[PDB]
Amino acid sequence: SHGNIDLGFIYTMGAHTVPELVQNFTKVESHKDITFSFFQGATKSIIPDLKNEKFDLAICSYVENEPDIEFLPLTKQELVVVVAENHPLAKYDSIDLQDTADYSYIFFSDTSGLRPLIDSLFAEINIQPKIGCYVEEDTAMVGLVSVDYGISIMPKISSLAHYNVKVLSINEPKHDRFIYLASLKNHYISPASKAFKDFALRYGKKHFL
């Protein structure tokens, strides 16, 4: 019935995933009066805000060595390579990551919960990417790719189709990018927050995974 949910999440979840979860959660009559406050940020900022209880729940990347935090699979993304339409790689439709070795990257900053996965991909193929600059949020990244300031590896998100960039699928190496519903282990959680948590986990299994 009544209550508030403070939900923090990583940037790319704002465009479609969180709205879809909230829309479907709230069509149930007994959820109409539940309210939210929504916070956006990078995984490394979000984890402290879970521990200090600013957030009831979070949607973010998995983080190693956080035994106080429960990470439960919610959705997934596809990593792609994004280049300006004039770039030499734009002639291709798919590439191996090692094919990018010569080119300057717009790289995610260390705050990004994506960097463990990305770094492991480059380590797997023994490539040390040329990093031209760092950015945290995704629209700033594709913005810089669109003026050919560099290339990037990033999640395939709907906005990429609206910049003057070519999106390339990655053949090798292989990857899965999972996104998690994160919460404090052994912690008291309000009835509304628990209702949203269970709802979102069911929804992700049925529709996202």
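Start at 1 with the first residue shown and count on from there.
Relative to its counterpart among 95 to 103 and 72 to 80, 95 to 103 has the higher mean temperature factor, C-alpha atoms as listed in the PDB entry.
Mean CA B-factor, 119 to 127 versus 135 to 143: the higher value falls on 119 to 127. Taking the PDB entry at face value, the top CA B factor among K166, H162, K32, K156 belongs to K32.
Taking only the listed residues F36, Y149, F55, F178, the entry reports the highest CA temperature factor at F55.
For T12, the recorded CA B-factor ranks within the lowest third of the chain. Only modelled residues enter the ranking. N65 sits in the highest third of its chain by CA B factor, as recorded in the PDB entry. In the deposited entry, the Cα temperature factor of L21 sits in the bottom third of values across the chain's modelled residues. Ranked against the other modelled residues of its chain, the C-alpha B-factor of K197 as given in the entry falls in the lowest third.
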